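One chain follows as structure tokens, the form deposited in one PDB entry.
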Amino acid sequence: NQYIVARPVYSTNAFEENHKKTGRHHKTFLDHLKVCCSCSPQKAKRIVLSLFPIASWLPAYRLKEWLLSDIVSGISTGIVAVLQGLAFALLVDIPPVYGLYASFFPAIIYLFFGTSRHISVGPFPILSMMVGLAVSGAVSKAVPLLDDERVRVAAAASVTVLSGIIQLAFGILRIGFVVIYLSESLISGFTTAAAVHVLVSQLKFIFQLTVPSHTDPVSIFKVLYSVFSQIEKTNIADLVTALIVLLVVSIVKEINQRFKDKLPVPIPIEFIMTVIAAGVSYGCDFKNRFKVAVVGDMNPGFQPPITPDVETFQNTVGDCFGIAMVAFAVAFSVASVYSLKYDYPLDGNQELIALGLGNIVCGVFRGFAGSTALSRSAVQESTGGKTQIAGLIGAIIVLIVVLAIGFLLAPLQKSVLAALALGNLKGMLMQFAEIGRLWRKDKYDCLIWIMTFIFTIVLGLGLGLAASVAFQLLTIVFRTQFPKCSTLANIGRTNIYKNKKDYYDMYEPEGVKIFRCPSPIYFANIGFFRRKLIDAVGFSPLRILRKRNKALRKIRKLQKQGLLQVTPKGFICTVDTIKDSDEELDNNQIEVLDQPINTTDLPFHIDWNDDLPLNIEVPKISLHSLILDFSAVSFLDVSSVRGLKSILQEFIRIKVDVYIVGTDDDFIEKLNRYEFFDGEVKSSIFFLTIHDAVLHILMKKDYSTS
């Protein structure tokens, strides 16, 4: 192997000069705006088919291969969705039939407007908790036992319509890329904190206690006190039934996860458990024997459309923003999992449009918000879900339960629903193991995780997410805050320049300094960059310039008085009796020491690194060439330019040639916009690589030696 290169030393200017560059009209936004408004027949059809995905996958339906799997997966997911809807309507503190409305309407709208094929659409615990908190805050700020739940149902419907409107607006404006602003560790900490929230929320149903509608901040600790202050009134039948259901459900769920091969269809343990619980609570008469809290009689049928309260809109706009963002984040994560697993495209913008429309229709018809539960999407995909016909059949099962056979869910206890909702928490609760992993790998992401979790538990579920996103954006600045700037030296007498402190037998060319900042320099970076550059070169260029200007002022004062005669050979002095005296420039003239040294008045050049007459003392420097390795400097903001240009100017003023190497052409094109280059700072300071600058320096210095 041999790396044999023989070419000329290239500046960026000399390179672009010798190699003619393909002229490219990069873009404007006028032509982009107009080409975005072409409205060709083919473009109009493409837009109308991207807004109505069912027109594309329904005619391409593979009946023989998909119909039975869709029917089976739909039966399973609908049976699960009925119970999940009842439980999550308990989480919202409304009658439990509105959970069935929330399980019915978004699935039917997403069947038409959605691009995913494997997610089940409906409520999930975190969003039901967020909606319950939003409506408990909306009923509080309201300028004035069945009226209470009626007002709560109205507030839930209005919160749902507003969050659906926000989602639909975000999908129309094509902002479907907001999901990138939530990292894996932020989502992890938020979801395990929310699982702890839900665990705490199910305690009033396991024990059958009466807990107020507490609100954030610190709602979880308020709910814990309300629960364990009454722990002497705990219903024992509710507790025992909930523990039995939770135990059996978790055992059979682990069995389903472990024996996923020998099992043809996963065991529907939730269905069996609720059937058995309702049968034993109806046969043994638990409602009057043990005084348990049961689901009770639900009204058959749907409710007429409702009108959204704009007062609730005003009172909960921010809560609905949080609800819309969490709903989209969760649904897009689950849908992305399945789209990567089955290799089909997933339009994020369409998701927002599909979920917003579903939430609007749901809230209009008295349901509450919901996008996708990973627990129900897994039940749908694991049972053979091939298309969104499984969602249609799940919604048909929900419709059958709403219209015909809801009376069977009358003797079912709320502790059983709470036990199921608690059984679905193992996956999120065991994410506490991410703390140690992230500690090992990346402590900024461990900070995001730990720091998200604390915010969400301490604050609310919607305020915690906002503070968490802000802190996660702050850790990006933490990463690039104190960069490990280094000094480079040549190792091997070749074109390899490494850290000066890392290898033996390196070589720094005399008078040359190579400095590397390993990160994008921004506003929070440039003071540190200047401090480290000054520590690396060994002096402050502005201080050297100021002392040189002081020395030049003293030389002029001593020479125009006659004590120092100018000669083209040197600084001969007729009298060597200089007395100690400083000019003591006042506050209004001291700014004259930062000006460039223009000593062309004297016929000969002053050597500032030699000794000056009459004991005038100036700090002597060895540096004559400063190379800046800008390879890993991705961007420069407005603050970086101002800071860098001023840094460069002082170096240039004290006669130190500055070279910037390792930058691509886009970097220099962007630097041309800041009006960075001028006289005394030109584009000739940019070279290709560190070696290119180093060979230029060597030839310059050997020619100056000649």
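In this text, residue numbers run from 1 along the sequence as written. Rigid core here is just the name for the largest C-alpha set that superposes within 1.5 Å across the two forms.
- Note on 195-203 and 514-522: with rigid core alignment, C-alpha atoms in 8 other deposited structures of this protein sit farther from this form for 514-522.
- After a core fit, the C-alpha atoms in 8 other deposited structures of this protein lie farther on average from the shown form in one of 609-617 and 422-430, namely 609-617.
- The stretch of deposited sequence separating residue 144 from residue 145 contains 10 or more residues lacking coordinates in this entry.
Not pictured, yet referred to below: the form deposited with a small molecule bound.
- Taking the partner from elsewhere, residue 137 is found to have every heavy atom lying beyond 4.5 Å of the small molecule in the deposited complex.
- Residue contact check for residue 84: one or more of its heavy atoms lie within 4.5 Å of the small molecule in the deposited complex.
- With a 4.5 Å cutoff on heavy atoms, residue 80 counts as touching the small molecule in the deposited complex.
- In the deposited complex, the small molecule sits within 4.5 Å of a heavy atom of residue 375.
- Screening 628, 428, 335, 521 for any heavy atom within 4.5 Å of the small molecule in the deposited complex leaves a single hit, 428.
- For the candidate set 295, 421, 97, 636, a heavy atom within 4.5 Å of the small molecule in the deposited complex is found for exactly one residue, namely 421.
- Using a 4.5 Å heavy atom cutoff, none of 93, 154 and 370 lies near the small molecule in the deposited complex.
- Exactly one of the stretches 503-511, 613-621, 537-545, 376-384 approaches the small molecule in the deposited complex with heavy atoms within 4.5 Å, and it is 376-384.
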